[PDB]
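Numbered from 1 within each chain, the chains take letters A, B, ... in sequence-line order. FYI, side chains are in, hydrogens and waters are out, and symmetry mates aren't considered; it's all heavy atoms of this structure. Atoms within a ligand are numbered from 1 in the order they appear, just like the ligands themselves.
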Amino acid sequence: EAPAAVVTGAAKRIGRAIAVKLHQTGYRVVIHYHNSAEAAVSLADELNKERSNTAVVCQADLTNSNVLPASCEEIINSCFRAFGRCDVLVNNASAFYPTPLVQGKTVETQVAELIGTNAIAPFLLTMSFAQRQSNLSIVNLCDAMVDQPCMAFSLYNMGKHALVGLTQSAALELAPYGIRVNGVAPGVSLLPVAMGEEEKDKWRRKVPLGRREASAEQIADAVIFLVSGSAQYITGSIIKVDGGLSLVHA
Amino acid sequence: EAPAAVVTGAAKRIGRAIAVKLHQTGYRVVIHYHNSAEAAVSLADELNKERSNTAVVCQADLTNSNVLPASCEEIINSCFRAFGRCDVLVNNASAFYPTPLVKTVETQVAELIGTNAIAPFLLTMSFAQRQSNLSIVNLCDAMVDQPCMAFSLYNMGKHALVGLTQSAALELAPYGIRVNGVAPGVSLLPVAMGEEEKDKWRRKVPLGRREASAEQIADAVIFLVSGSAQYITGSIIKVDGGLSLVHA
Amino acid sequence: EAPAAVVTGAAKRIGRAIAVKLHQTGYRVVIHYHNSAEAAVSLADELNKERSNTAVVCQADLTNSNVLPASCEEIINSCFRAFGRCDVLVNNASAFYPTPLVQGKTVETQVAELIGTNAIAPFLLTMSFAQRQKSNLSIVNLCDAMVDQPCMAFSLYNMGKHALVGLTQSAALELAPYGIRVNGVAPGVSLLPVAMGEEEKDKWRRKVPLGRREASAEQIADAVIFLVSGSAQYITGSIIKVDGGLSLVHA
Amino acid sequence: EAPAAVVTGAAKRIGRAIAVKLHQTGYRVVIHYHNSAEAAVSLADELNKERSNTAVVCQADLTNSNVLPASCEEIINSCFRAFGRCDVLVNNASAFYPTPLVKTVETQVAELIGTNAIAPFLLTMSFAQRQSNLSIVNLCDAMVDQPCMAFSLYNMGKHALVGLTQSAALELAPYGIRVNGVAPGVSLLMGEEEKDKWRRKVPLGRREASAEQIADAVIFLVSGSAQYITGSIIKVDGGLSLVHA
Ligand SMILES: NC(=O)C1=CN([C@@H]2O[C@H](COP(=O)(O)OP(=O)(O)OC[C@H]3O[C@@H](n4cnc5c(N)ncnc54)[C@H](OP(=O)(O)O)[C@@H]3O)[C@@H](O)[C@H]2O)C=CC1
Ligand SMILES: NC(=O)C1=CN([C@@H]2O[C@H](COP(=O)(O)OP(=O)(O)OC[C@H]3O[C@@H](n4cnc5c(N)ncnc54)[C@H](OP(=O)(O)O)[C@@H]3O)[C@@H](O)[C@H]2O)C=CC1
Ligand SMILES: NC(=O)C1=CN([C@@H]2O[C@H](COP(=O)(O)OP(=O)(O)OC[C@H]3O[C@@H](n4cnc5c(N)ncnc54)[C@H](OP(=O)(O)O)[C@@H]3O)[C@@H](O)[C@H]2O)C=CC1
Ligand SMILES: NC(=O)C1=CN([C@@H]2O[C@H](COP(=O)(O)OP(=O)(O)OC[C@H]3O[C@@H](n4cnc5c(N)ncnc54)[C@H](OP(=O)(O)O)[C@@H]3O)[C@@H](O)[C@H]2O)C=CC1
Ligand SMILES: Nc1nc2ccc(C(=O)NCCc3ccc(Cl)c(Cl)c3)cc2s1
Ligand SMILES: Nc1nc2ccc(C(=O)NCCc3ccc(Cl)c(Cl)c3)cc2s1
């Protein structure tokens, strides 16, 4: 049997690069998506063509609500249903937008999305992963800039901080079960869709190492390392993949 | 006119000590509470006996829900209606219990993330929007990177509060509102905890082998709101007697 | 009687502001200086005119060498000789200059000054202070809020300030059983270099979120005063940033 | 031809594991040593037998003296001499012993600050000066924020090494030289009952890290899979640093 992995928000961008690279390493993959139905199915088709029966999709809103636990349970369940095991969880899915403290989503909704996807869903997915339980491991996508945050991004920042706390707490608690829990913290990687090219180059020029953003593959590379046999004593660790960005003063 | 302060969970223990010290410092105080009505009123009466019309109480549940934003807006409002201004917010209220990975889970999330993180954020928003030496102090936790076993949601909330501290410091600094934290290690231990178990914690503290008094925590809060902290924002002061420096 | 404090590099700038504030709080002070003799004696004079017999000077190079331990021992001894006690040590003295990796002091000299003043002398003074102990004893170390986002080409300075964090933690742990607290104060941008030009100063000022200005020497001293006070009696191993939010600002 | 690595203190324990793994990965390697000539040569023998003329040794004392600079220049040199290039520097060599606040102190400084911090800084300068996937890996310590009682100078030096890692990453990024750290917890350990005490504290498997586990992290950091990673310190501690008092 090949080991199996769940990757959240795996339809596009970094999650996709992680799913692809896990697959290329021998994993069967559950491709979680929320809205990117077409891109999801397209990836699974591409992976299944490469080796049949090695990729499924699973749809779920990771917004906080009273039913998020059941949705997270379902994501993990889908991996056992498809593949009879679940060896790796990658908590990649993420909402990211400004929530200024000083003044068309309600604040209730902003909290639900930013805290639910970035922190609560990871926690619930971790809980379901552990409960349904080898080289078992969880990788959380954190954020190298969490201590030098973007202005007006307090809820996102709060969620990413909470994710660091989850990384530590679950590493401690799940170690006796042989499950390792680690983090990968991008600096600037795949830049947003609705962002101009002056503004892209603004960000690029701040990166000491090469004056450019991370490829999604460069982020995936770190994920690969942490799940691998080369990381069997690593737990509770967060690896920044930021080209020095977090070292740069204002 | 005397400045005013809101202290959440102010009825008992650390928040009580904070409210009293701010009062003794010359502040008028909103004593926020959840269940502890009798304790909150009795504190208010004592402070008002010391100085007339300087203390009011305000009831609210800080658990995460669709109505928490309204609740927090009202807390801040209560300070303005009582005293005509709101100079200081102390985010002290906290839920703290284990949530093992292996009450419903939704309730646990709502209580531990709502009280520890989301309500502070909502209160911070309301405080800033309704605007001197304005400042916010959040009660953090010195042991957040060396957490208690099976306290993941608690720890996530306290980490989130560190993020809020930093993020709000950055964003509110142009308005002249400072935002800082106080991170106790072991302070007031549960009353009902056995002395032999309290002693296990006490013995771990390098500095004097005892827990912090509530007054010692309040002392750091007083500093951060004071004119001696006018350039300090986005700082978290550990008040932990060296406990976080101690290896396993 | 009145408590006594040693403040290193106290002739000018932040060290002076710390000595002054400790003095105004009722402390007797040793003003340590290296080169700034005129300025040291002037300050002691001012303080002595305010209350007599309350300020002494003490000269010492804090560059690392085989005699640095003796020099640090002597600084501490100066306090016991003048005032009969030593309650507070402020490690303020600091060398600060670029040491580029890829490149007229020798490298030997750079290491001795930047690592000596910023880390080894604090460690030796800490040892001497604690050993001489026979109340509210504490040590405050002047750290740097920007140690994790350092200036380009300042590796030795940054290494010494990182060592000083390590000293702060290690000494807080070890000395707590003796009742000695050890904490730090970490400025961001405070008094800018005397040599720096106004346009350069203003570039730095505009980076500070809280007020777009540097900390005053007094504002730094305020935090020192808090940590030595009875208001900080349970605080040890803490480093308080006094930086106006500067360390939170991304590139 | 094939890339070349320097590993300091590579004769035994953690440094040897790093040396072997880099060799296995296809690096030509300099095995630096202070005292352990026998061990160094023996390792050299083993690696040359697998692949001819791909491992040399280098003597240098890394204590803090007026000659440390020259020593560190020599070490980097010997890599360019043997192999005509130097792709990777692993700063592994390290001293470790208590220095209570309550050997002359300056030997202590020269060892604990000298070997642990100043020589890395000097080797970094020489490595950089003489310049691809170039990078430097510094052996840090995961327990730096919760230090052993009475280990102030040691702790100070390891904190200084974090400072160097960050400052050098920033400064050398323009030249395509990455600079990173690996922070072991309890690895190869002292009595046997004392050692057991430590093992039981570790969340992940109640045992010390093998030297090879440390070396694995180094390998990752030098590899093409880490081409965007600089200024990062990877803990390899089995979760020990997460455990409270
Ligand atoms: N990109 C960067 O430069 C950096 C990224 N990171 C972190 O790395 C990770 C990957 O980054 P990146 O690829 O840019 O992320 P994206 O912003 O592209 O988001 C990843 C996926 O998250 C999913 N998602 C969003 N909201 C929800 C929701 N309510 N329910 C379920 N899924 C949801 C989306 O799925 P769908 O499309 O199917 O709706 C989306 O495609 C994230 O955790 C991010 O925070 C860290 C810092 C830098
Ligand atoms: N004591 C210690 O050793 C430590 C404390 N801290 C932090 O210090 C701060 C003060 O500590 P401490 O006094 O021990 O705190 P407590 O655990 O005693 O709680 C403080 C107050 O929080 C309020 N609270 C709890 N749940 C809710 C809720 N759902 N809605 C509204 N209010 C609620 C309660 O108000 P009411 O009684 O009126 O219902 C309670 O009196 C906290 O933020 C805590 O996490 C951090 C480290 C250790
Ligand atoms: N100023 C700022 O913006 C910032 C300051 N800091 C820290 O705050 C503290 C105070 O800063 P600031 O007042 O600007 O410090 P200065 O740069 O003005 O230096 C203070 C004193 O250090 C002494 N000193 C320098 N080299 C030696 C030596 N070899 N032997 C003995 N004494 C020596 C000098 O004494 P003398 O004049 O007698 O020769 C000098 O007056 C320092 O530790 C500094 O690193 C941190 C970050 C920002
Ligand atoms: N082992 C552990 O549990 C821990 C490891 N680490 C770090 O991992 C690395 C490896 O640790 P470990 O293998 O135990 O190291 P050791 O303490 O065993 O020493 C490593 C090597 O350093 C060399 N060395 C020591 N002093 C000098 C000197 N003055 N001049 C030149 N060379 C010198 C020696 O080479 P030679 O034999 O030729 O003299 C020695 O074999 C170190 O950086 C250490 O701090 C971090 C925390 C804990
Ligand atoms: N709102 C609160 N937050 C906190 C955070 C930490 C502590 C604390 O340190 N309590 C004592 C130590 C301790 C550790 C572990 C457990 Cl099960 C328990 Cl009942 C108590 C106590 C509280 S109360
Ligand atoms: N002993 C001293 N230590 C420090 C540490 C930091 C600073 C400081 O922040 N100075 C202003 C920033 C700065 C940045 C770059 C350069 Cl060339 C210079 Cl002359 C100064 C100044 C000093 S002085």
- Task: Would you check whether A:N118 has a nitrogen or oxygen atom less than 3.5 angstrom from a nitrogen or oxygen atom of ligand 1?
- Result: no

- Query: B:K12 to ligand 2: N or O pair under 3.5 Å?
  - Reply: no

- Query: Is any N or O atom of C:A11, backbone or side chain, closer than 3.5 Å to an N or O atom of ligand 3?
  - Reply: no

- Message: Below 4.0 Å, non-hydrogen atoms only: which portion of C:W204 touches ligand 3? Side chain, backbone, both or neither.
- Response: neither

- Item | Min heavy-atom dist A:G116 to ligand 1 below 4.0 Å | no

- Would you mind listing which atoms of ligand 3 come within a distance below 4.0 Å of any non-hydrogen atom of C:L191? 1 (N), 2 (C), 3 (O)

- Taking only heavy atoms of C:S190, which atoms of ligand 3 are found under 4.0 Å from at least one of them? 2 (C), 3 (O)

- Task: For residues C:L191 and C:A217, report the shortest heavy-atom separation together with the two atoms involved.
- Result: CD1-CB, 4.0 Å

- Task: Give the numbers and elements of all ligand 2 atoms closer than 4.0 Å to a heavy atom of B:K158.
- Result: 42 (C), 43 (O), 44 (C), 45 (O)

- Given A:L114, A:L68, A:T117, which one has a non-hydrogen atom that is nearest to atom 27 (C) of ligand 1? A:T117

- Nearest heavy-atom approach of C:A60 to C:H32 is O-NE2, 2.9 Å

- Query: Side chain or backbone of B:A142 under 4.0 Å from ligand 2, or both, or neither, by non-hydrogen atoms?
  - Reply: neither

- Query: Does any N/O atom on B:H32 come nearer than 3.5 Å to any N/O atom on ligand 2?
  - Reply: no

- Task: Find all atoms of ligand 1 within a distance of less than 4.0 Å from any non-hydrogen atom belonging to A:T63, and give their numbers and elements.
- Result: 29 (N)

- Query: Near C:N35, which atoms of ligand 3 are under 4.0 Å from a heavy atom of that residue?
  - Reply: 36 (P), 38 (O), 39 (O)

- Any atoms of ligand 2 less than 4.0 Å from a non-hydrogen atom of B:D141? List them with their elements. 46 (C), 47 (C)

- Query: Any cation-pi pair here, A:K105 with A:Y97, using under 6.0 Å and within 45°?
  - Reply: yes

- Message: Please check this pair: side chain of C:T63 against backbone of C:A112, looking for a donor-acceptor N/O pair closer than 3.5 Å.
- Response: no

- Item | Per atom 19 (O) of ligand 3, closest listed option by heavy atom (C:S94, C:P187, C:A40, C:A217) | C:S94

- Message: Does any N or O of ligand 2 fall below 3.5 Å from an N or O anywhere on B:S36, backbone included?
- Response: yes

- Task: Please confirm whether B:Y154 comes under 4.0 Å of ligand 2, counting heavy atoms of the residue only.
- Result: yes

- Query: Contact between A:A60 and ligand 1, counting heavy atoms under 4.0 Å?
  - Reply: yes

- One should read off an interatomic distance between C:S42 OG and C:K12 NZ, to the nearest 0.5 angstrom, of 12.0 Å

- Message: Geometry only, no angles: is C:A93 polar-contacting ligand 3 at N/O separations under 3.5 Å?
- Response: no

- Note on the structure: Counting from 1 in the order shown, the ligand 1 atoms closer than 4.0 Å to a non-hydrogen atom of A:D61 are 28 (C), 29 (N), 30 (N)

- Shortest non-hydrogen separation from C:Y234 to B:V239 and the atoms involved: CD2-O, 3.6 Å

- Message: Looking only at distances, can you tell me whether any N or O atom of B:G9, backbone or side chain, sits closer than 3.5 Å to an N or O atom of ligand 2?
- Response: no

- Polar atom proximity, B:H34 to ligand 2 (N or O, under 3.5 Å): yes

- Message: Closer than 4.0 Å to some heavy atom of A:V188 - which atoms of ligand 1 meet that?
- Response: 3 (O)

- In terms of side-chain heavy atoms, does B:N92 have a donor or acceptor partner in B:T8 at a distance below 3.5 Å? no

- Looking only at distances, please establish whether an N/O atom of ligand 1 is found under 3.5 Å from an N/O atom of A:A95. no

- Item | Atom indices of ligand 1 within 4.0 angstrom of A:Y33 heavy atoms, with elements | 38 (O)

- atom 15 (O) of ligand 3: of C:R13, C:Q59, C:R16, the nearest heavy atom sits on C:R13

- Report, in ascending order of atom number, the atoms of ligand 2 lying under 4.0 Å from any heavy atom of B:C140. 7 (C), 46 (C)

- Item | Residue part near ligand 3, for C:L62, under 4.0 Å between non-hydrogen atoms | both

- Task: Please state whether A:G187 comes within less than 4.0 angstrom of ligand 1, counting heavy atoms only.
- Result: yes

- Does NZ or CZ of C:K201 come closer than 6.0 Å to the centre of the six-membered ring of C:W204, within 45° of the ring's axis? no

- For ligand 2, which atoms sit closer than 4.0 Å to a heavy atom of B:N92? 9 (C), 10 (C), 42 (C), 43 (O)

- Query: Which bit of B:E211 gets closer than 4.0 Å to ligand 2, counting heavy atoms only: side chain, backbone, both or neither?
  - Reply: neither

